[PDB]
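Only one chain is shown below, in structure tokens, and it's the form deposited in one PDB entry.
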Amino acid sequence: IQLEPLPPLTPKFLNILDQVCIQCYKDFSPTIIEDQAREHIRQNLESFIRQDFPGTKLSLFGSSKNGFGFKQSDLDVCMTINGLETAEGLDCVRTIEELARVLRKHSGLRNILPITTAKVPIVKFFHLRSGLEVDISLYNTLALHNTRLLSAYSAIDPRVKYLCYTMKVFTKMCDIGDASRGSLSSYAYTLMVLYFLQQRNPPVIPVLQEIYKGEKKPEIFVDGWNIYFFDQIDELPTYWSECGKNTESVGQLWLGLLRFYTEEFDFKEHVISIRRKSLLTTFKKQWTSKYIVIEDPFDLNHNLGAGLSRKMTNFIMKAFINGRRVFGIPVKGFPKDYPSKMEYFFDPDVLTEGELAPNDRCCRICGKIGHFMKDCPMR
């Protein structure tokens, strides 16, 4: 597939692109009050569950803590039991079902649903007063660490946040950010942003998992994987020589990302991997089955794109190509004929050409993957 050449931009248009990326953050990030409410929910659930399971500990992870949350993002909760370091004596499937029974007694919750067949078994439910979806998992230790990792990256430079928010808006508007419906997890798209910023010349962020006081990388193992990374961001100028050398604006970088993954990045040859600056090949990983290949920074056996079908991969790539056109090619009558720039750049009828995301892997009743119709909740 060949792509349209991009016309040269004016500074006036470049400033518009900058503003759109920043509005994605300002418009959709939670207020300080909404963040505190999320902590209050965790606190309330921990006390309620402790009535039946004393020593329960609930810990927030995901976008509530990694610096990239939206107002209506779900509440990702990790449950552990004090004194029990790992889930090696804990019966996780039976624990999920016991936990669900406890949560059905909570008058402020609705629609308790345990999902024990997923790779990560969860019990999810609806919190009435906040209107948020909550997902509780058991001993999700690695998720807690990649939450800290992403949070560290978000603190290095404000542009990290702006781009991750813009990416999250983009994929959400294209309806390609729901792994439960066959597309990619929003966490996978966050990794794509970070990988782009690491490979940029000059880089906007370093590879924190490769920064350390010499000579060798410290070895801190969790569930068989080294979770070390440099998290002393205040001292980063000392340990990152290229700190602050990239002076591109946010809009420049956002258009650069769209061009990077449509023109430059070789999906069939390389793996999107934020744990190392050196390119990682699909052949070295023996991950040639799929086109989009995304390696988790800690669980190196996890390919985030392992679930994508061929159709979904084409749909995703067409979205990025159309995004390249909308953000890169100024149009006549813009911006004076449009009372909202957000509605122009993120128009789904343009980015996906009016088509809906494919859903062939999905249940015909609810639209989720991973269950037969006799097991559907909406039956």
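Only residues modelled in both forms are compared. Only the largest set of C-alpha atoms that superpose within 1.5 Å between the two forms is called the rigid core. The first residue of the sequence shown is number 1, and the count goes up from there.
Same protein, other form: the form deposited in another entry, not shown, and the subject of what follows.
*Asks:* After fitting the rigid core, is the C-alpha of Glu39 off by 2 Å or more between this form and the one not shown?
*Replies:* No, shifts by less than 2 Å.
*Asks:* Please check if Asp337 moves between this form and the one not shown, taking a CA shift of 2 Å or more relative to the superposed core as movement.
*Replies:* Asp337: C-alpha displaced by 2 Å or more between this form and the one not shown.
*Asks:* Since the Cα separation of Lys26 and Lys332 moves by 3 Å or more in the other entry, tell me which way: closer or farther than here.
*Replies:* Closer: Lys26 and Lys332 approach by 3 Å or more in the other entry.
*Asks:* Flagged pair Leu17/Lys332: C-alpha distance shifts by 3 angstroms or more in the other entry. Which direction, closer or farther?
*Replies:* Their C-alpha distance shrinks by at least 3 Å in the other entry.
*Asks:* What parts move between this form and the one not shown when you lay the two on the core: runs of 3+ residues, each CA off by 2 Å or more?
*Replies:* In sequence order there is one run that relocates between this form and the one not shown, which is 331-339.
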